[PDB]
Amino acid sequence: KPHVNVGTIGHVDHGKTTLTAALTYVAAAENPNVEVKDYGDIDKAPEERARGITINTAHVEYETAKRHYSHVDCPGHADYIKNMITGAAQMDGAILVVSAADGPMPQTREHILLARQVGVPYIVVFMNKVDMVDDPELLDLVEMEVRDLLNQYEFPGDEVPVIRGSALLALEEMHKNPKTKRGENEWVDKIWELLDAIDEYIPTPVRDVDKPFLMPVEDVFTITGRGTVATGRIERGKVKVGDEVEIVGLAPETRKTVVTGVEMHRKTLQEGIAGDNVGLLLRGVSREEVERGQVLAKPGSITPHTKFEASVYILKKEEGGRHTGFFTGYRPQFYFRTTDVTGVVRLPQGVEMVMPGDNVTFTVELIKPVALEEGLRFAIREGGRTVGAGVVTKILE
């Protein structure tokens, strides 16, 4: 029963939390396993330490016929910014909640943008609080505000599902009648539309193991009679001997070789699979030709680069980051996967100085190339300390 990661985003007070609890109670009915949670519990998210940052985050699990959804919900707009970016929990899709009373709001528009920068593959809307509004001209109005926003950030606003309802009401019915099921109640039934929407519109994702092969080099060693060895946990896909791969990054050019040998826990091994911390025998590679920080991957699967654009969040001083701001020309270290790689920043027009606590978008240009791809997450460091966290959003070269 495939597993998917979702979460509620949207402006404060629009009701992402109440809608969250409803989802549990409602789906539980047809899925007894499913552990029902209420408002207060979810409303009080725990802290979570991620990349050096703390994010109040709440989680919940619910099941449909089609799947198992683990679902996030945070208490503050800040928690959203940080979560999404450090990618504490990675949305495979997200449920966007908007007050029918207010239409989309600033955070609303912000979560859309992030969701797009950080790569959310699909957004589905749940217009809540609809019980405060009869006038369908109004409900239409809001729906439309919302779609144009989505369209502004490239979501297919024209297509997503905008389901209108009352999380508050549905939740009480689940309260009154835990055993209520489909067709029985109206408010509950909008939740079923949401849930259906989800199962339908949010793509079932690629299992890591099926994604193109990539393993990031951690250590390099020579086995006297055997040769050069790149070690590290495989991020995705798999390798079996005889497999040819590319050593990407840092070097001036990409090299190709053949795993002539996997190995783990000392013993040998026939295939290296995602999740696996192996050591591979690279064939025809000097101890120079390969180094920590490069990546090995299924050939042609990833490219090296130096100029890219990123969405970033800069730690506060209180969180252990910088204590004064910076300008274009700031040149910290960019820690990609396993190592630092210096880079110079260039703030966009309109930005003149970035401050501790901000979150912005700029370009960077690195000293050496690195196997980069959009969505590639990273850290910004000053002497080993993390001063910020970002996500790669665009390659420029």
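Residue numbers here begin at 1 and follow the sequence given.
Engineer: Taking only the CA atoms, which stretch has the higher mean B-factor in the record, 264-272 or 205-213?
Structural biologist: Here the higher of the two C-alpha B-factor means belongs to 264-272.
Engineer: 145-153 versus 181-189: which one carries the higher mean Cα B factor per the record?
Structural biologist: According to the entry, 181-189 carries the higher average C-alpha B-factor.
Engineer: If I read the C-alpha B-factors straight from the PDB entry, which of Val344, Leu347, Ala45, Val60 is highest?
Structural biologist: Result of the comparison over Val344, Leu347, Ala45, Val60: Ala45.
Engineer: Taking the values straight from the PDB record, which of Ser301, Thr224, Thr108, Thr306 has the highest C-alpha temperature factor?
Structural biologist: Comparing C-alpha B-factors across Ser301, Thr224, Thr108, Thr306, the top value belongs to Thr224.
Engineer: Would you mind ranking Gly383 by its C-alpha B-factor against the rest of the chain and naming the third, lowest, middle or highest?
Structural biologist: Highest third.
Engineer: Using the B-factor values recorded in the entry, state whether the Cα atom of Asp358 falls in the lowest, middle or highest third among the modelled residues of its chain.
Structural biologist: Its C-alpha B-factor belongs to the lowest third of this chain's values.
Engineer: What third of its chain, lowest, middle or highest, does the C-alpha temperature factor of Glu172 fall into?
Structural biologist: Within its chain, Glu172 is a middle-third residue by C-alpha B-factor, going by the deposited values.
Engineer: Can you tell me which third, lowest, middle or highest, the CA B-factor of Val364 falls into for its chain?
Structural biologist: It falls in the bottom third of the chain.
Engineer: Using only modelled residues of the chain, where does the Cα B factor of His71 rank: lowest third, middle third or highest third?
Structural biologist: As the PDB entry reports it, the C-alpha B-factor of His71 lands in the middle third of its chain.
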